[PDB]
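Novice: Residue numbers (the entry's author numbering), protein chains in the order written: chain A, 37 to 155, 162 to 361, 372 to 584; chain A', 37 to 155, 162 to 361, 372 to 584; chain A'', 37 to 155, 162 to 361, 372 to 584. A prime marks a further copy of an entry chain.
The beta carbon of each residue, even a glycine, is placed where N, CA and C say it ideally should be.
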Amino acid sequence: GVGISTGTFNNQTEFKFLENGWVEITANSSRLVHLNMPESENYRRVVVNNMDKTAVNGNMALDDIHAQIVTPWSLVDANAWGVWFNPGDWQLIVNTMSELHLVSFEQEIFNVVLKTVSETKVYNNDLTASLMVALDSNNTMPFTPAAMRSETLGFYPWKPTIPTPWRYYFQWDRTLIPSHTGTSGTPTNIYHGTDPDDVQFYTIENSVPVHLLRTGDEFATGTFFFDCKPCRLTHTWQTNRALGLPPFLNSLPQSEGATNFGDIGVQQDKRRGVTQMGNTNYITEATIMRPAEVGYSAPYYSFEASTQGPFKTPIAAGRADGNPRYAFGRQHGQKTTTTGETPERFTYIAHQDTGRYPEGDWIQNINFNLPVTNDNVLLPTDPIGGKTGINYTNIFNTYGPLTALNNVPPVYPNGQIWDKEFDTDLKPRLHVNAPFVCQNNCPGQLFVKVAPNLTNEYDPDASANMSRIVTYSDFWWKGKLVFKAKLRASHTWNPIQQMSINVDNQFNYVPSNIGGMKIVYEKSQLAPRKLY
Amino acid sequence: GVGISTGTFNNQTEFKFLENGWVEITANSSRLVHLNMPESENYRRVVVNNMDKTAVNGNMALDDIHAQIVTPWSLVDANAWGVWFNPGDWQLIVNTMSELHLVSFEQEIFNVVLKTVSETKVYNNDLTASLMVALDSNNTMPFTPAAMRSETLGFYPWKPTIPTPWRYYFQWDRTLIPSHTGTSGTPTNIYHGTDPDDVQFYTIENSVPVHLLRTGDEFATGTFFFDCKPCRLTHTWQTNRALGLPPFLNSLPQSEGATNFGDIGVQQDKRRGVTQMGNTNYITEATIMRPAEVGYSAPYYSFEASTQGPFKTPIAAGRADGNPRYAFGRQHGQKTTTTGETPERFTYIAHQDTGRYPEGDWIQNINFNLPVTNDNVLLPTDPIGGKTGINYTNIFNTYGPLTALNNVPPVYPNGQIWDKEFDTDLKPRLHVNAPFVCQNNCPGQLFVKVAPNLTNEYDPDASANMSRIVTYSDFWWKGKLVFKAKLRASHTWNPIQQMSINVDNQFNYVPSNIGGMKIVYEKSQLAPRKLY
Amino acid sequence: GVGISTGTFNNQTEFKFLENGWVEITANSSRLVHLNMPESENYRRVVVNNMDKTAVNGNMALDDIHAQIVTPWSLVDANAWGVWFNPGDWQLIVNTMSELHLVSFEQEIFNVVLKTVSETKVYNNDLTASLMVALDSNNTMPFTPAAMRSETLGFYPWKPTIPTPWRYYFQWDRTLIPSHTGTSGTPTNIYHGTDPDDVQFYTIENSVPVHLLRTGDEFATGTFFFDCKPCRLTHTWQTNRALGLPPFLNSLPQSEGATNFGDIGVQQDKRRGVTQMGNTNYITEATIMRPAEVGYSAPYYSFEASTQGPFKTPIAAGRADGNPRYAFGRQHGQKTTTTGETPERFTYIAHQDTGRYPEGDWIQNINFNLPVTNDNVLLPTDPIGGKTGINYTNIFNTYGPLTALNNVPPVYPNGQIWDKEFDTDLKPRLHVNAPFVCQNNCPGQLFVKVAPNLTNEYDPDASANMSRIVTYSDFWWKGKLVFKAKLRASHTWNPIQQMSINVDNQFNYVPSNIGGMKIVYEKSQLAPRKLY
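(1) Apart from the five residues just before and just after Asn485 (chain A'), which ones in its own chain have a Cβ nearer than 7 Å to its Cβ?
(2) Measure the Cβ-Cβ separation of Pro376 (chain A') and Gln386 (chain A') and say whether it is below 8 Å.
(3) Using a Cβ-Cβ distance under 8 Å, would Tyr561 (chain A) count as near chain A''?
(4) When you compare the CB positions of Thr62 (chain A') and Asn115 (chain A'), do they come within less than 8 Å of one another, or not?
(5) Quick check: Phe474 (chain A) and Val69 (chain A), are their CB atoms within less than 8 Å of each other?
(6) Give every residue of the same chain whose Cβ lies closer than 8 Å to the Cβ of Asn546 (chain A), excluding the five residues on either side of it in the sequence, and list them in chain order.
(7) Which class does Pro410 (chain A') belong to by DSSP, given the choice of helix, strand or coil?
(8) Name the chain A'' residues that come within less than 8 Å of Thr245 (chain A'), Cβ to Cβ?
(9) Use the C-beta contact count for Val562 (chain A''): other C-beta atoms within 10 angstroms, 16 or more gives buried, fewer gives exposed.
(10) Between which two residues does the beta strand (DSSP E) harbouring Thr132 (chain A'') extend?
(11) Using a Cβ-Cβ cutoff of less than 6 Å, which residues in the same chain neighbour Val316 (chain A) once the five nearest sequence positions on both sides are dropped?
(12) Touching or not, the stretch 140 to 148 of chain A and the stretch 519 to 536 of chain A, by the rule of three or more beta carbon pairs under 8 Å?
(13) Taking just the CA atoms, how far does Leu275 (chain A') sit from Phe488 (chain A')?
(14) Over the uninterrupted beta strand (DSSP E) stretch that includes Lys354 (chain A'), give me the two end residues.
(15) Identify the continuous beta strand (DSSP E) that holds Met174 (chain A'') and give its terminal residues.
(16) Name the chain A'' residues whose beta carbon is nearer than 8 Å to that of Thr394 (chain A')?
(17) Does the distance from the CB of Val555 (chain A') to the CB of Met174 (chain A') come in under 8 Å?
(18) Keeping to the same chain, check which residues put their C-beta closer than 8 Å to that of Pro480 (chain A'); ignore five residues upstream and five downstream.
(19) Using a Cβ cut-off of 9 Å, which residues of the stretch 491 to 516 of chain A' contact any Cβ in chain A'', in chain order?
(20) Assign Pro453 (chain A') to one of three DSSP states: helix, strand, or coil.
(21) Check each residue of the stretch 88 to 101 of chain A': if its Cβ is closer than 9 Å to any Cβ of chain A'', include it; give the result in chain order.
(22) At a threshold of 7 Å, does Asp511 (chain A) count as lining the ligand ZN (C-beta to nearest heavy atom)?
(23) What would DSSP say about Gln577 (chain A), mapped onto helix, strand or coil?
(24) Bridge partners of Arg332 (chain A'), per DSSP?
(25) Check whether the Cβ atoms of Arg361 (chain A'') and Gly412 (chain A'') lie closer than 8 Å to each other.
(26) Under a CB-based cut-off of 8 Å, is residue 159 (chain A'') close to chain A?
(27) Counting only beta-carbon separations shorter than 8 Å, does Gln550 (chain A'') have a partner in chain A?
(28) Does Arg80 (chain A') get closer than 8 Å to chain A when you measure Cβ to Cβ?
(29) Identify the continuous beta strand (DSSP E) that holds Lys479 (chain A') and give its terminal residues.
(30) If we ignore side chains and look at the alpha-carbon of each, how far apart do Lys570 (chain A') and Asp113 (chain A') end up?
(31) Residues of chain A' with a CB under 7 Å from the CB of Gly286 (chain A''): which are they?
(32) So which residues on chain A'' does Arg397 (chain A') lean against when the C-beta distance must stay under 8 Å?
(33) Taking only beta-carbon positions, decide if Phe268 (chain A) is within less than 8 Å of chain A'.
(34) Taking all protein chains shown into account, do 16 or more other C-beta atoms lie within 10 angstroms of the C-beta of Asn147 (chain A'), making it buried, or fewer, making it exposed?
(35) Ordered along the chain, which non-local residues of its own chain (more than five positions away) have a Cβ less than 6 Å from that of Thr49 (chain A')?
(36) Let's see if you can read the secondary structure: which residues bound the alpha helix (DSSP H) around residue 369 (chain A')?
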């Protein structure tokens, strides 16, 4: 009713230790969400064209042109690691576990309160106003994860958070011929418009049932059940130079020290083994046959254009290309007492050794006369196309049928958790934004809107926008995310790398004297893992 | 609902007389608690450093340095005797009973009312606002008894009371080298900081489930069941000079009078008995062998330093050291019509005779030539260290395997009732702040907060503190504390000491003409008890 | 038989994760023990008297005088942590667990091989010689733990280890009157002899059944079952200055920074609370009443003499007194490729804050005029006895009925695991050499000897020692130690201290190029724990 609570606040993380070494991790997240009324109750079709910045030659990468439908609805996103885990729970997981499954997810909206403002300002209660809630369970509306705009719910259980205004990409066409500082004319830079066979205008009212929650009701999305592969919390270190049986050392060092080395006491042209260089007698570590390839090379800072503009070709693993950079604000880890609109940024350098170092590659003629001459080598310091700053490693692809990679690691707290699979005929082998990827059906999005509150002077035959009573809502969101983890076992004599608190990172986990908090990023895949 | 009461007011004390001489004492306590909204909805880490007062040489005991987390939550404490008993019930208990067990405890919060202020000032009702209640049943949060800051609920059933803002000690390091008035330099007085391996930041949102009570709901903590030892309401008088069989008097007085004495008509070196002075023939009362020792000596006004500063070494029983001093204000016994911030103070001088009188101790050489010379005695008037004001009794410890002590008596109305046991490997034999000590699990603390009431202009990406609607709550607290008592029996010909009203303490129990009340302190252990 | 193996080598540590958060840890330890024949097959009564070093005035602490029976038997000890755990398993335990129980223990001796030397040197097999094994299951022989002489089995599973020659203390009397550099005469330094009422001569042949194992048999001590208390892997940080409810801060800092502090805006003589200074109005942090006392003070570098000489009074917890110093050799953690007889040493500084800092104590007169004068204070810089280097804190004991302590932490890898309880009427509350203490019956010792191998010229009526054939044994020892552990839960927002590998301690866990190994010491009680 009017004065009866409809739910309970719970923000605990429970660790239930089943035997056989399996753990259930139940993460409860509760927030107080504050929602304003839409700026306009209409769907808008807006085009963003930043011609002022791309008309300058050499600024292709600063393209921001697109078209989007702006919606009067807001989205409630909880697809980030920091909504569910504090630094202590994350330490426990990444120090004691080895794998991680994603089991279940459920949401509820309770304790709705709607208020009106009258302008001093007076805040009254609208006991009869309504909050529209929609849940896209059939996944008709376009998927829009907020974690890559950093617009999820906040990371602190004691801070009220806001939802983000929902919008999606409308089709458009764009051609942008690249240039450099010092091209003569004006390269083609035009927004062509929209192709009628790709137009798609979605509305929440025509696609999903909308519930009207007043002050005493309660929305509960039933438990969604995932079916995915486990994310591994162990990293690999073995490149192709560290696979298989090492060479036999005929001379071992006798005075243990710092610069005393071993010696393979066999000439390189008189050794035994298999090579894939069928015209050479040398057997070294750079030439011996390994089972497969760990990693691949990819053209870095490469931009492919399509019907809607240029985009950076994504890279699977990093070494600074391949290493994702995160920028975020005060709800999501930045010091809550800073001033200014500059976001906090960090580059996540993963522990896994699957990237390449292009300053160490080279191609040489098949003849293989070993002290290699100039005309029989292509080095990373050779001009390609006549450009001093472009070498062959920029246009190089060594992805073949032999490469072995790893999925991307979790990024606490700003990374995504799950992601929908592409609805294409042939699917990609991995995403670069989430450790988990929902295969067939994965959780629906939760849109909220505050119902229109009309005055007494409303005529729909007026072209001007309607006059509404200034209304806002504050409701409570609760979520349950269930994981399955395996506890790790020690297989080495030596201890391993663990995450810990020390004199340097001490004050990143306790608040300041004025209530300032922050959530620094933690690494996920700490313990090594034998690859082969 | 909105206009239905959710509980009943009850402040009666029921005495149920079971046979076999056992009584059940059910104490009901009901209060109206008034709660304001937090000054800031953030956790703060504050350091208090009173260097201005300790930089003066000789002021070590005036140290107030520490670090604390300040919390937006408030604590509801009922761990004081005056919450449960009025002077009449206390008289009945301490005059008719001999022991006292602690059986059960339960709490409830009902009849919640939330209001908003609009500034003249107008007070409106927020029928949809919420009061957050948390109950730390698993005892995760640090134990903070309010009775030693005198911050429990009030002692009068007809006076509205407030809860105290919750806070707890954060780790820190501090070194303070002592000095005196007349030391040359500047002794080391530095706040070293915080040691990363002892940092502990607790939050209520991450540890306990929080219920959101609106105007028509009701929180009830189930009945907690104690398991402790009985507190004795009888005091002992026998020191070591009054244990066992007295000496036989060969001459008894024949003219009964005031200065007519008896005489042990045997020389002291020709008496029979056991001594522990194996090189002497004298048998006196100071030398004869007693079973054990009643009490012990302890270094008085001794300060031990540790990683966080200096503290007074606690003493078990008093004789003025060992006698606790209580300071308190108008909610807790002071005349409710006084003016000024000076608190009311009293020292509790217990009835039990287990302390020492250092002006009567002395050590003498093992030779025991009885009229003792100077060089064979150490008196309480001899300088130790060259200090005129320090004698050996200040650095003296006679706690051995033979000492027998008593637990501390209840202190009405400002004393604590129960206390948690230390979570250490080896536990102390007694606490000096409560007669009862919970052994394994004892009642959880009750935190309250008034939920954030946001305006329409809230953006979490502002460094400034959020703007909230001025809200306050008044709710009703009810508690039931169940004791088991034994009724006392008369074993002497003579009557005993009882607590009573007389012409001197008459107006301490009735109010003044302007409604002024007060609760004076009463003694608990009145009747004697045979020790041996 | 002669060519059939009688057992299996197993040195694995299994972690069986039962649910409810309980783990069984099964530690298997297998070694190859090499045993020589006794130097003499007789029991010897030897007296060690180092009068040459104690006759110099001031060298009392260098006393080594005693009497011992030297035995032809050897002891096989496995009561050290490094026999059972490598650094990785120890990391797992001390990073994921919170408690630790001791469940079971069992031993076996298998694959016995006996050989004779004939002098070049020829090594032949004695298929008919015997190895005597004795197991003191009833605990008749004196308990002799090897870990405090660092004479247990080795810490490496791939290194052959030796047993230690068994011996025990025979009664003697000794008086040593102390002196200093600059005493006139010759203080009494005499070995008085042996008191006939305390003589105790034990023999293995008269007390325990001895099995004669030839090349094809197998000794198995059945599983011994412990019954003890759990060792906690969590440390406490709260001293007496950090117990209970902090003081209310009336002024909180408004500009969060480094030197901005809070202020208790109440004068010290106008505050509320309880003190144990019943003659003072000041309420500070050094004076307010705490529940009990955490730790105690003890006279440091104090030597008590008894019928057999002077000994250091043991201290429970350290702050450098109280901190145990370990010295050990190449079998037990020192770099196996070092040269010289100098042992490797380390002092274990525990994490727990229960010790005292005597440079911060002081005693002052009961009058308590706060800016304290000279004659009303006793400082740690005041001469006691006229000695410039001795102050009152050296003769100070604050162990009373209120002190709370912790048991000692495990010391990897050189610490003991279990220890027998003293067979006295009143037992000590803790040992300082082992976390676990067997209460009633705990495992018997395992003595080995190689049977006498006589020549053809043996006559027992010759006073000279018999001529034996030079024989030695190598057998295999296997042991199973079963623990029960609890997995720890995160109760704080902040992460905690964990043990890890880093660039500094990297090469302590991998061998050198010449096979050099070492086992550095690791700390055990890492995570904090709320005491009150």
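Specialist: So, from the listed chains and residues:
(1) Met190, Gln468, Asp471
(2) no
(3) yes
(4) no
(5) Contact flag unset, no.
(6) none
(7) helix
(8) Within chain A'', the residues near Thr245 (chain A') are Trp545.
(9) exposed
(10) Boundaries for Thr132 (chain A''): no beta strand (DSSP E) harbours it, while the alpha helix (DSSP H) harbouring it runs 123 to 132, taken from the DSSP string.
(11) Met331
(12) yes
(13) 13 Å
(14) From DSSP, the beta strand (DSSP E) with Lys354 (chain A') extends over 351 to 354.
(15) 173 to 177
(16) The contacting residues are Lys312.
(17) No; because the gap between Cβ atoms is not below 8 Å, this pair is not in contact.
(18) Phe474
(19) Per Cβ criterion, the list is empty.
(20) coil
(21) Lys89, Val92, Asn93, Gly94, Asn95, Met96, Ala97, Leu98, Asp99, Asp100, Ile101
(22) No copy of the ligand ZN occurs in the structure displayed, which carries no ligand at all.
(23) coil
(24) Paired residue(s): none; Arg332 (chain A') is not in a bridge.
(25) no
(26) Not modelled: residue 159 (chain A''), which lies between 155 and 162, the two residues flanking a gap in chain A''.
(27) yes
(28) yes
(29) No beta strand (DSSP E) holds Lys479 (chain A'); DSSP gives it neither H nor E.
(30) 20 Å
(31) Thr186, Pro187, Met190
(32) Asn323
(33) Judged by the 8 Å Cβ criterion, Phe268 (chain A) is not in contact with chain A'.
(34) buried
(35) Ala63, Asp125
(36) Since the model of chain A' includes 361 and then 372 but nothing between them, residue 369 (chain A') has no atomic positions to report.
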